[PDB]
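J.: compute the structure for the input listed below.
(chains A, B, C, D, E, F and G, ligands or ions: 2)
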Amino acid sequence: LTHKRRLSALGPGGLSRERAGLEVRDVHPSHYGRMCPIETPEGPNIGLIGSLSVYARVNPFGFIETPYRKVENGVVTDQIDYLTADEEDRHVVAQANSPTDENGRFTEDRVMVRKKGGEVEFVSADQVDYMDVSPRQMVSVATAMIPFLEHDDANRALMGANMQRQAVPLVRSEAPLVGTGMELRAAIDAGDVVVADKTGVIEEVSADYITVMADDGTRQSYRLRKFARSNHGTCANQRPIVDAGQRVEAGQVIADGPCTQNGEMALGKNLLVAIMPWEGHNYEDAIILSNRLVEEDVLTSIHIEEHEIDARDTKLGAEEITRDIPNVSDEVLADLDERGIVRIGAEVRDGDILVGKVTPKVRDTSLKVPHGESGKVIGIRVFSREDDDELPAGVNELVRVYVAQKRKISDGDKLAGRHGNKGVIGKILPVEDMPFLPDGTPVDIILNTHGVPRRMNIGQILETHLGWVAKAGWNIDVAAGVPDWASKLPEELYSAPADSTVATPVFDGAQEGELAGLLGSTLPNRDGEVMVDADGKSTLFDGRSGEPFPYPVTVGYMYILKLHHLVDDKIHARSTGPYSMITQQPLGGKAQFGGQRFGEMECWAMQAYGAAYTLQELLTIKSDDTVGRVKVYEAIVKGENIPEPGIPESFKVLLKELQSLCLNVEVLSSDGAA
Amino acid sequence: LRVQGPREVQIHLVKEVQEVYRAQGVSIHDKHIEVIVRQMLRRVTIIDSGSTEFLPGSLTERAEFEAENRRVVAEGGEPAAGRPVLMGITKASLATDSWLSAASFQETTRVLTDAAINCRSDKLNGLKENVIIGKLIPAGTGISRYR
Amino acid sequence: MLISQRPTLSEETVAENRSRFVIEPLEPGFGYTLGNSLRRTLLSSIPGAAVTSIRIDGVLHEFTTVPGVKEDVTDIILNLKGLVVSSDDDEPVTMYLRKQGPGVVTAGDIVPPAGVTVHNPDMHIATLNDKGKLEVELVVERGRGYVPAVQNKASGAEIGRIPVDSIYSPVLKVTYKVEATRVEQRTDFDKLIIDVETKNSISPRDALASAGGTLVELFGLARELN
Amino acid sequence: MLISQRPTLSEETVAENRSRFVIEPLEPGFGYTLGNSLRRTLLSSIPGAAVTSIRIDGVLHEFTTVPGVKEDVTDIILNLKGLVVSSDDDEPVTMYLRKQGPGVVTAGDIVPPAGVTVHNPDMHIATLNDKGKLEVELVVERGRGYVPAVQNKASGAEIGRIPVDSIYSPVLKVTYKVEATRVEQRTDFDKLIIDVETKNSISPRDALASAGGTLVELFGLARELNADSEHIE
Amino acid sequence: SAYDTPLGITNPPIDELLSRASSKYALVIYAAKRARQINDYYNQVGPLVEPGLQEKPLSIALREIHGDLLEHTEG
Amino acid sequence: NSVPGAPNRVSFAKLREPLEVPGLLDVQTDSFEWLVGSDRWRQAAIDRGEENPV
Amino acid sequence: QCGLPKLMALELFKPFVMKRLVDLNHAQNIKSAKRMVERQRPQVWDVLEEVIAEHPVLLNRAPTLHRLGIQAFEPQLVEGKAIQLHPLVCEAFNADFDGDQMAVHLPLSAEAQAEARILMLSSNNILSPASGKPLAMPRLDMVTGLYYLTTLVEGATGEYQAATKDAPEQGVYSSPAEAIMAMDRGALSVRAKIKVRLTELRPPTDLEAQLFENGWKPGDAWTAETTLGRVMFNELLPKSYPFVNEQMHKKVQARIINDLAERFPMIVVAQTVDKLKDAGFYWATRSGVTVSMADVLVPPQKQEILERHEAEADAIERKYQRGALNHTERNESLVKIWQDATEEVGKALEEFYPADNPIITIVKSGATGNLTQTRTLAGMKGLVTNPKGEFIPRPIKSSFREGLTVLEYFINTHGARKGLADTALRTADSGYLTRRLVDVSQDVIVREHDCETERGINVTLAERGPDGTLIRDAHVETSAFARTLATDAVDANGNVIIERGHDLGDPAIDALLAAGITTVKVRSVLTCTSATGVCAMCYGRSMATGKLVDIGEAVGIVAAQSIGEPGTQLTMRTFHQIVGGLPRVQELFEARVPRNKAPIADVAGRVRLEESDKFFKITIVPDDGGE
Ligand SMILES: [Mg+2]
Ligand SMILES: [Zn+2]
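T.: Numbers count the residues shown, from 1 in each chain, chains lettered A, B, ... in the order given. Ligands and ions are numbered 1, 2, ... in the order given. Now the structure:
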């Protein structure tokens, strides 16, 4: 959804990352309500790529225009005008949150307004021409999905908005307890959910399709995508939510998408979080997880890899996909079918055969599972020119194999909230080791204190508090009268049951006093005990020693996202292998078994240590030398001393290159010419 | 340099650099600044060749200048006259003595021509030219004293 | 101020599956560590039974649909995660389930063999329309703690058989309180209360007995020496 | 069900009164199940006799110092606190120590009643100046663990009575650590280490054995409910 | 002053070894040449001190250095 | 509301939104409909008051 | 030690494991051992554990800003894909665990392994080579834990009491173990003041000579008037280290580690830092430091201050509307008034917070953060810049606790994007300066022990001032400290104080000050007469080792890295496209003619000044009688 709404300044006829200055990257006062100031990439594309504001539309000349309510004589009126920035500079626009009494007159005589200089001022209430239609007119979709946005620093809000886009789908989706009003419309407009076109009743429900009969009497059938691979490899499973015979109205969600529950978006899971340091295992933003999340697959995800192999022709004849590979063991081709394609449902190991192919010389050229990869063969697709496959020239057959892998959360995987509080899982603890509430419930996650104050994203703390107020119900006493702190709560928020979801929009939501009062008004637990005091803290017990911690700890519920930076493919290792040819240095690539680069700064560090021999190994044997490599590898294999290098190989080629230009280059000993 | 002289120039440069760092709350020891500044004042421009082989107007390392002056004066010749010259780190880098290192980052053909007609011998004192050759760096573990 | 009185243990039931066990008297500062040791043993090492693999007629692997059923195979396995069972012997036991036509396939539809029973037949597994035919073969086994889905090619070589993660823990929740019911405040004692709740495949009494038996053997190491 | 293998218990000695015991290999996560409770039983669950009160002549009140002795009243209280007394009778015993003349008065000068013993006679109690003298009566009794100084609201019928913190536990100090070990391709099995330091009225081995027996019975209370479904080793 | 049991590659303490050479750089080759000699012996004076089950030659050389079993001359 | 199946997420908002959030994909679809000169786009344009839009 | 993934270690140590597969006859042909290891057949793992033993590995994080960016560690096999990094070396790598990655290299030859084990090993690289200050020392959680452990609180349970004619002191314990027993029962607070008889801990110097005519030895009892936590902390230090009895601020821990590094072997301090790490983590876990909306206190004085400054702003508005003030000058005045308001609110917040509140506790403990961030959190954000870098006159009076209004947040975003955008340019400028310094420092190597010259430079140690007393220069640690003396320090009576050639450390500084020395002559590389490179004596001691620099060590690259590494902390050139910082540093090292040039006196003499309307003229009458 954000990609479709992306605005890119770089491209054909535009600018480039190489030389675009800060001037074009900087936020501008004309961006208000048109381009999001928060949601932009953090790398070299900083400022060059942004997002359209939620209320903005495009002028037919291509200019971005945003809606404003007309204001006259100090009374706001319902006429909406879409103004461009050039038009808006000729007006005075007031803040939407400005109070107005019956029929629209401003209560106070002075009002915040924006002015042509990109300025903000207290003008007279009769000096206003326009007003913003919503408090969040400036934010994009991903920014609007951050609760308590105004309590988070701009950098961390940017990080959270960016991270929301890289959250991987989970096997089961769960909507956040603390959310905005934006999840539902964002999910619906993203289009991954299936929506009924016209009012009717469900005739059929199946894991694959749903059939509805409209009031017109005509019939509609909807097909669900099951375990389909996304462009990034994430699973795009769609699920039916409606029951047979159910009333379904036009526009009603009929099937959930990969990251939706009951139509509204669900990018993460609600975890019971305690805010405390813990034995140094959450040091420097590391995260501690309960083993429950691994056991119950709370943070498990499915990934589908796609492999291709094509049978072609050459000057020396055609190529054959076949089971009859030369010299391969009888078992190694056991799971292959008659054509030589691995059967569906086979558990394929790293390096195992997927599709057998041979070519003239014959030779073994079969498709094999890459380094580290594994899973179940989920699907096969095949194309042949005998079927008018429309493949390019010089290819006779093509086979695509899909391998499905289910990954549990593991050490080194990144997690993050919606507030930019990213971290790496440093430890997973048994359920009995986690600090647990007096009720006996162990916390799901431990987040270190030392992160919050410095990073300036206390919105994660507030959410946590409200999260508890969302899990445990609340009930405000009204027998004598409404409490003062609750005097701005709508009558519908005076009480709610357990597990009740709430919305706290980004710039018009829960205030501090309301949240504190609700913390004081939470329902007790199953046994009648109020587990968390009015300050949001609880008396946790140490799961190892067993004694209570000497001070209460902040406990609540936080919405946590599993990010796509998983460990499985972020790890590299090498000890010799393929090499470059035009120059003889190693390769570099995730799937090419490449080695690590040694830059000049690392050479500087080695020289500073004075570790001459290690630097020589890195410079010559491990990188360029061919003879040195074969010799050293065989020396290690034979368990003998690594030979001390003699005359460098680079020097001998350089000497002949110099001599070819008629230069007499001579090696001199400390005692004389030699 | 022209008023107070070379040593006072080195002291002044170290003073100014460390003042800039101190005003910014950084804690670099003076000796690193001195190590850097020593290179900025490493060469002398020759006024008169005297009885030496030095070319007038040419830049000369102070150590070589003194060594040849003492040789000639102990052999009855007039020592060459020299003027200290202050150089930025960039120009000090360009004025290197090793033809290998100069060839590695200057116009290679000019460097090679100059070294060839002059018949320069490179002593491989620096780390850069030893890396270029592929030899053990002449520092730490790699020096003759320890090898 | 030496005390000759030995602790005593008693039970107070609160539900069919939950009870509070009182131990008193205890030395001051002693209740928390004893309660925590018992809690750790209860959460970690009480044996149980769980499903270890399943087969479905039309399914080759976990990532597939089955015609006529609302839930895909992954949802079916994740629903079976809610199945609680207790085989009386350690050897694996194969249960069978068969259903045709409309209806809700619940855990009561399972027809287990002797010595094993499903304690929550009301649990929902699947929903079948007119065309839905569901045949499921389940392998139960006894074990301890938690074990991930055993790799198919490692445990055996049967294709179509799809493993599942196994939780061998009949203990649901455990907590403890320690209170100062000291003797007339002339001298100090701690009173320990351990609230234990199980999945109803085993009573709190038997689970606590197992925890105590497990702990005594480990603490007996020091008794063997001189 | 049986387990991979039963643990083994080994011992090392730093000094005659300080041992270090090591249980290895242990099932993952039971090191914290064992060590903390073992330490608590070692500290608090071993009976022993200790000085519970004292009375020194000449300091009936204004308890600052006593003439004829360089040590202050509090220093003498500290010295008496380290006294390793042992009693074979549960009821309180009153004992007397008396010395005069210059020199030093040590624990060996005590003459305990029948069934009462002092294991550290060499311990220095006080130094006596020229023509000085010191007489002190000690109330000793049995208990477990550690007890703060007595509330003594009932006093006033006698003067000069000093309640002192009672160190009944024969164990002086205990500290436990848990570390990783390998038993197979599997990793992260528990190894439990515990330092035990005791007063010379007991050896660390005896303290550990008594604590282990106490825990065995105390958790056997639980298996008195039933015996089935435990680990077997 | 005293120090606790050196674990792993810490033993022998770096200061004890360093006291037997003009510099850390000298110690590096002092250990490396001896390790090469020991490995040659294993392949073809040999280790002067009780080796372990699978101890590396560098550890043996360092433990011999700690014991003052070797002498050297700088270049 | 304008979403029949919406779960009842209670909101802390005080101010009402006088304008609904527009179609979030309109930036793509309206532009493409202009490109192909769709009937819907033409009607919308003449409703906006554009003179004989092309 | 560092933790390596099992699969990663297997692939790195592939040939080394294959050798033992063939030698252990797990495989017959090495060409089959390759397949055996490549398939991870279960036998190989146990071989790896013995191949990996005592074979160090090099760990590197990018960018390598200085020497400590590469460190050697002993690999321990561990489950999972992630490398386990020791928390103390993180600050040397500038690493944190929000996603960072590190590269691992395996030395092969015996020489390379010896270099990794002796030179690059982490335990041998505690001190920074740039300043000699420790880097592998407690941080964050550990600092907070130790600060909580050693803080003294008044009124806690079990604290000391005076004799009152009715009871004794009531706060005395015969041994620290008795205090441990009291703490475990909840009778004694770890932070409560008590008196303890100590026999294993060396007393302070003030007490040692007073209590022991021939010094303290282990077993000799003394009475410490200190909290139990301080005793437990002191038990972590070496047996022969005097009792400190202080609240462990980060500065005090740095001082203690400096003492250990200067006066104890390297292994001793290496073990001590690990012990401090363990204690710090424990007491950080048990310090109770947590964040809640209740702990974020707002000072009640805020609104009165804001109303006062709003009255001042209204007065300026009246004066501007009266024509007495310019627009830009109005902006100036409003900016200054609101800066005063921000300072007032900061003072109010700092005085209102209780000493033990977690938010202020983290800052004041020196663990992390600063008071400015606290004021932004609970006070007021203050003034923020527009894209041109000018302060917007109207401040953000809201705090992040209250939550900003829409326009406050919008105007806040400008500087945030500025900072996000310009960081790469700052890094590039620092790297360029570092590269040029490295290029010029290519051949500066310690070539000989001593050039035997008597040249040197003068270093001022103190200024006598009015009282004629020992006012030592604050920055002396970077000028005189850690150098070789060029000539003997001599008093007014002709007696020496310190010998020629001595290492001018803290003891020497104290001796000189006690003797009334204000200036010394010290050897320097500026004056070294060595024919090639520099000599060890003129350079002095290595800051990392604390001993005379070894022959052959490349001081040039170390100096270049030391100068360049903190470059990003300096004020940078304008990227808006005289301020100091990096722009002037590049100016100084390039020997360019200053833009803000000032003339200097050619001759000594008396100044005759002939000022003009808008120019100055100066004449110097030389005291020598010259021109
Ligand atoms: Mg990071
Ligand atoms: Zn010198």
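
J.: from here on, just use CA atoms for contacts and neighbour counts.
T.: Noted.

J.: residue in chain B nearest to ligand 1?
T.: residue B:26 (23.6 Å; C-alpha to the ion).

J.: what's near enough to touch that residue?
T.: Counting by C-alpha atoms under 8 Å, 6 or more residues apart in numbering or on different chains, residue B:26 touches residue G:566.

J.: that one should be in a strand, yeah?
T.: No - secondary structure of residue B:26 (DSSP: H, G, I helix; E, B strand; the rest coil): coil, not part of a strand.

J.: just the strands in chain B please.
T.: Assigned by DSSP state E, chain B shows strands spanning B:43-48, B:59-61, B:81-84.

J.: could you dump the ones you listed into TSV and include mean neighbour count?
T.: Below are the strands of chain B laid out as TSV (neighbours: other C-alpha atoms under 10 Å in any protein chain shown):
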stretch	mean neighbour count
strand B:43-48	19
strand B:59-61	19
strand B:81-84	18
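
J.: output the ones you listed in TSV, with distance to residue C:87 appended to each entry.
T.: Shown next, in TSV, are these (distance: least, C-alpha to C-alpha, whole Å):
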stretch	distance to residue C:87
strand B:43-48	92
strand B:59-61	92
strand B:81-84	96
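
J.: what about the closest residue to chain A within chain F, distance to chain B?
T.: Distances between chain F and chain A by C-alpha to the nearest C-alpha are smallest at residue F:11, namely 4.3 Å. The gap separating residue F:11 from chain B is 50 Å, by C-alpha to the nearest C-alpha, to the nearest Å.

J.: likewise for residue C:21?
T.: Distance, residue C:21 to chain B, by C-alpha to the nearest C-alpha: 63 Å.

J.: now that residue: how far from chain F?
T.: Using C-alpha to the nearest C-alpha, residue C:21 is found at 42 Å from chain F.

J.: three-state assignment of that residue?
T.: At residue C:21 the chain is in strand, as set by three-state DSSP.

J.: looks to me like residue A:650 is in a helix.
T.: Yes - counting by three-state DSSP, residue A:650 falls inside a helix.

J.: okay, now it: neighbour count?
T.: 15 (other C-alpha atoms under 10 Å in any protein chain shown).

J.: again with residue G:580
T.: Neighbour tally, residue G:580, other C-alpha under 10 Å: 15.

J.: if I pick it, what's in contact with it?
T.: Shown in contact with residue G:580 (C-alpha under 8 Å, 6+ apart): B:20, G:571.

J.: now do residue G:12
T.: Contacts of residue G:12 (C-alpha under 8 Å, 6+ apart): A:573, A:574, A:575, G:106.

J.: of the residues you listed, just the buried ones, ChimeraX syntax please.
T.: Burial among the contacts of residue G:12 is assessed by 16 or more other C-alpha atoms under 10 Å in any protein chain shown; the matching ChimeraX selection reads:
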select /A:573,574 /G:106
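
J.: would JSON lines of the contacts of residue G:12 with secondary structure be doable?
T.: JSON lines is the format used below for those (three-state DSSP):
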{"residue": "A:573", "secondary structure": "coil"}
{"residue": "A:574", "secondary structure": "coil"}
{"residue": "A:575", "secondary structure": "coil"}
{"residue": "G:106", "secondary structure": "coil"}
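
J.: where exactly do the strands run in chain C?
T.: C:8-15, C:18-26, C:48-56, C:93-100, C:103-106, C:124-128, C:133-143, C:145-147, C:162-163, C:166-168, C:171-179, C:190-198.

J.: residue G:417 is nearest to which of the ones you listed?
T.: With C-alpha to C-alpha as the criterion, residue G:417 lies closest to strand C:145-147 of these, at 48.4 Å.

J.: rewinding a little: may I see the strands of chain B organised as a markdown table, with distance to ligand 1 added?
T.: Listed next are those as a markdown table, based on distance: least, C-alpha to the ion, whole Å:
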| stretch | distance to ligand 1 |
| --- | --- |
| strand B:43-48 | 45 |
| strand B:59-61 | 47 |
| strand B:81-84 | 49 |
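
J.: distance of residue A:167 relative to residue C:129?
T.: 35 Å (C-alpha to C-alpha, to the nearest Å).

J.: typo on my end, residue A:453
T.: To residue C:129, residue A:453 is 56 Å away according to C-alpha to C-alpha.

J.: ok, now residue C:161?
T.: If you measure residue C:161 against residue C:129 using C-alpha to C-alpha, the figure is 25 Å.

J.: count of neighbours near the closest residue to residue F:23 other than its chain neighbours?
T.: Excluding its sequence neighbours, the residue lying closest to residue F:23 (C-alpha to C-alpha, 6 or more residues apart in numbering or on different chains) is residue A:189, at 7.0 Å. Neighbourhood size, residue A:189 [other C-alpha under 10 Å]: 15.

J.: wait, is residue A:189 part of a helix?
T.: Yes - counting by three-state DSSP, residue A:189 is part of a helix.

J.: just checking, it touches residue F:21?
T.: No - using C-alpha atoms under 8 Å as the test, residue A:189 is too far from residue F:21 to be in contact (10.6 Å).

J.: circling back to that earlier point, just the contacts of residue G:12 now: which is nearest chain E?
T.: Nearest member of the contacts of residue G:12 to chain E, counting by C-alpha to the nearest C-alpha, is residue G:106, at 15.4 Å.

J.: and residue 93, its phi and psi?
T.: As the question left the chain open, I've gone with chain A. Main-chain torsions, residue A:93, degrees, to the nearest 10: phi -120, psi 130.

J.: wait, chain G was what I had in mind.
T.: Main-chain dihedrals, residue G:93, degrees, to the nearest 10: phi -80, psi -10.

J.: wait, what's in contact with residue A:91?
T.: So residue A:91 contacts A:115, A:116, A:129, A:130 (C-alpha under 8 Å, 6+ apart).

J.: format these as CSV; extra columns: secondary structure.
T.: Formatted as CSV, those follow (three-state DSSP):
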residue, secondary structure
A:115, strand
A:116, coil
A:129, coil
A:130, strand
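
J.: what about those, which one has the most neighbours?
T.: Counting neighbours by other C-alpha under 10 Å, residue A:130 comes out on top of these with 26 neighbours.

J.: is it true that that residue touches residue A:73?
T.: No - look at residue A:130 against residue A:73 with C-alpha under 8 Å: they stay out of range, at 11.1 Å.

J.: tell me if stretch G:458-472 is near chain B.
T.: No - Stretch G:458-472 stays clear of chain B (C-alpha under 8 Å from any C-alpha of the partner chain), getting no nearer than 9.8 Å.
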